[PDB]
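Single-structure report; data block below.
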Amino acid sequence: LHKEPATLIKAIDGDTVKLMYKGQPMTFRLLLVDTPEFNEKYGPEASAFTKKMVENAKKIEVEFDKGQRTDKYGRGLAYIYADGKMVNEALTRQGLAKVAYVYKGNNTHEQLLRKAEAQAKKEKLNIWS
Ligand SMILES: Cc1cn([C@H]2C[C@H](OP(=O)(O)O)[C@@H](COP(=O)(O)O)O2)c(=O)[nH]c1=O
Ligand SMILES: [Ca+2]
Numbered sequence: 007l008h009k010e011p012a013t014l015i016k017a018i019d020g021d022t023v024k025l026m027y028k029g030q031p032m033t034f035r036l037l038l039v040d041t042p043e050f051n052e053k054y055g056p057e058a059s060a061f062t063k064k065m066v067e068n069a070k071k072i073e074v075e076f077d078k079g080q081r082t083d084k085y086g087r088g089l090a091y092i093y094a095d096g097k098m099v100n101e102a103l104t105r106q107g108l109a110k111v112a113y114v115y116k117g118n119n120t121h122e123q124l125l126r127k128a129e130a131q132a133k134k135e136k137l138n139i140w141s
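Residue numbers (PDB author numbering): 7 to 43, 50 to 141.
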């Protein structure tokens, strides 16, 4: 797995972000996580968490897994990194996201995220309170 560059176009919600990638606008859906929708509980907190994380980043990178790069809705599927810190993992650690939509082929960082979730649960953080 390798990181490629990309620029914020726009925050969208907890687990989606508009990025410019290879000079094209594209909606990215975070691999292996599920944030609440904005209208659900901790949804706005999730949205704000991701928003602030990508918005304050000097360097946004995109990392595809070995499997599918696009979903059935045309959204990019990637791990997203904000100055070297993975958004997917950071949401999970803070209990603003659950591990989810784990498909074999696109699962390189599963254990790492389950590790993060386990620690969020332990602290009964946000969603787990
Ligand atoms: C995270 C992820 C979601 N999806 C699809 C499956 C879900 O389909 P359905 O709409 O058929 O339930 C949908 C969930 O995304 P959201 O949580 O953004 O809705 O996005 C993938 O296909 N691959 C993935 O890696
Ligand atoms: Ca969601």
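Beta carbons are placed, not taken as given, at the ideal position from N, Cα and C, and that holds for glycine.
- Taking a 10 Å sphere around the C-beta of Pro42, we find 16 or more other C-beta atoms and assign the residue as buried.
- For the options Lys9, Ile72 and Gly20, the alpha carbon positioned closest to that of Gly107 is the one of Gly20.
- The beta-carbon separation of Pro11 and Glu101, rounded to 20 Å, does not stay under the 8 Å limit for a contact.
- Residue state for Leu125 is assigned as helix, using DSSP reduced to three classes.
- DSSP places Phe50 in the coil class of the three-state scheme, outside both helix and strand.
- In this structure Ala109 is in contact with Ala58, their Cβ atoms being roughly 7 Å apart against a cut-off of 8 Å.
- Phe34 is not a Cβ neighbour of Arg81, given a cutoff of 8 Å.
- For the pair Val39 and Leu125, the CB atoms are nearer than the 8 Å cut-off.
- Exclusion of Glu67 from the 7 Å shell around ligand 2 follows from its C-beta lying no nearer than that to any non-hydrogen atom of the ligand.
- Nearest to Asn119 by alpha-carbon distance, out of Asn138, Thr62, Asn51 and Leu89, is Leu89.
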